[PDB]
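For what it's worth, PDB author numbering labels the leading residue of the sequence shown as 0, then goes sequentially. Note that the Cβ used here is the ideal one computed from N, Cα and C, for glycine as well. First comes the structure, then the notes that go with it.
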Amino acid sequence: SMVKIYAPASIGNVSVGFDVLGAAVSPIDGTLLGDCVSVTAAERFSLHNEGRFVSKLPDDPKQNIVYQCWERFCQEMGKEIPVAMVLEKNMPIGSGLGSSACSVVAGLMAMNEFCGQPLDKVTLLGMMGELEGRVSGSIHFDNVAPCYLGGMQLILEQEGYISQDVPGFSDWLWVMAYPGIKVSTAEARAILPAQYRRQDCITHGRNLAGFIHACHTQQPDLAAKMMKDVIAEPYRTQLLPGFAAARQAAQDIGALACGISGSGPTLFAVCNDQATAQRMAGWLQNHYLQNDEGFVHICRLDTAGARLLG
């Protein structure tokens, strides 16, 4: 009896909603962009790591994100659940693709499914954000909630639910460009300023309020014009060599919007046809990548979220 979960890549913030908005992504070609966790019965607990980025994981086994999921799930159960766990780390660490969230969602969903769904959505998702906090020093739900539930998730920390779904535009493609370098979630958060001018908070509000209003009324142009982040982007693009050039070209080529994915350095660019997305994807390969570890994938929203493979 093996349970194997695929936790997809996700865009934090989505460049208009820092800490309260996120979207799971799926490349159109059918390739998997995510991390995987397997759970099987055993006498004693073991964890082994596989995949392309195994060597990037912690040297301290107890500080592994997937180990900490199991310890947290067992606490919730009141008992230790002996399993052979395997993490397959196919996503780069600190890249902007929801890497820590993939490993949290996959591990906690893997354990909850193995045990027969004892925990409900709100508890488990609350536990997922809990573990994001220990990773970056801050609880936030904008990567785990879409990784988990799929689509675009708006974070609304209410008694009955952590998030609700936001309607998208079926036309929109999301060209994702990981440049081959990493930024820590923690460092990219601490370099944010402690204070902002009143008018930035008025404008941030208007921007988010218009973006949401546009999604529910299905006005894609307006939506793109409201996709502006005055909170984190101005202070983070200094850590993204080449981003500002990417944005200039993105306009020239005809993307509807361009932005940082989570804390970066991965970028995303919105296009509303296949011809535009292909040109954008071609350019980013040629110009946004900093080395051979980088990649580009034309994506759409993943409406499934994390799921069972086997």
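Query: Please state whether the Cβ-Cβ distance between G263 and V143 is less than 7 Å.; Result: no
Query: Whole-angstrom Cβ separation of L130 and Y147, contact assumed at under 8 Å?; Result: The pair is not a contact, with the Cβ atoms about 12 Å apart (cut-off 8 Å).
Query: Rank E70, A268, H215 and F72 by C-alpha distance to the C-alpha of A244 and give the top, closest one.; Result: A268
Query: Output needed for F294: all residues of its chain with C-beta closer than 6 Å, excluding positions within five of it in sequence on either side, in chain order.; Result: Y177
Query: DSSP three-state label for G115, please.; Result: coil
Query: Compute the distance between the beta-carbons of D34 and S102, then report whether it is under 7 Å.; Result: yes
Query: Look at the alpha carbon of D164 and the alpha carbon of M90, and state the distance between them as a whole number of angstroms.; Result: 25 Å
Query: Where do the ends of the alpha helix (DSSP H) carrying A185 lie?; Result: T184 to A189
Query: How many angstroms separate the CA atom of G304 from the CA atom of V104?; Result: 10 Å
Query: In the segment 30 to 91, which residue ranges form an unbroken alpha helix (DSSP H) of at least 4 residues, counting only runs that do not cross its ends?; Result: 64 to 76
Query: Taking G150 and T265 to be in contact with their CB atoms under 8 Å, please state how far apart those CB atoms are, rounded to whole angstroms.; Result: So it is not a contact: roughly 19 Å between Cβ atoms.
Query: Give the DSSP-derived three-state secondary structure of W282 in the structure shown.; Result: helix
Query: Cα separation between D272 and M279?; Result: 11 Å
Query: Let me check understanding here. Comparing Cα to Cα, which of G50, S9 and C114 lies closest to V38?; Result: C114
Query: So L288 and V2 are supposed to be a Cβ contact under 8 Å. How far apart are they, rounded?; Result: Going by Cβ atoms, the distance from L288 to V2 rounds to 36 Å, so no, they are not a contact pair.
Query: Under three-state DSSP, which class holds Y234?; Result: helix
Query: For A83 and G50, I'd like the C-alpha separation in whole angstroms.; Result: 17 Å
Query: Using DSSP with H/G/I as helix, E/B as strand and the rest coil, what is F210?; Result: helix
Query: Any idea what DSSP makes of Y195, helix, strand or coil?; Result: coil
Query: Between which two residues does the beta strand (DSSP E) carrying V24 extend?; Result: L20 to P26
Query: If we call anything under 7 Å between Cβ atoms a contact, is residue 313 one with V36?; Result: Any property of residue 313 remains undetermined from this structure, which presents the chain solely from 0 to 309.
Query: For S162, does the three-state DSSP call read helix, strand or coil?; Result: strand
Query: Roughly how many angstroms lie between the CA atoms of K55 and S137, to the nearest whole one?; Result: 21 Å
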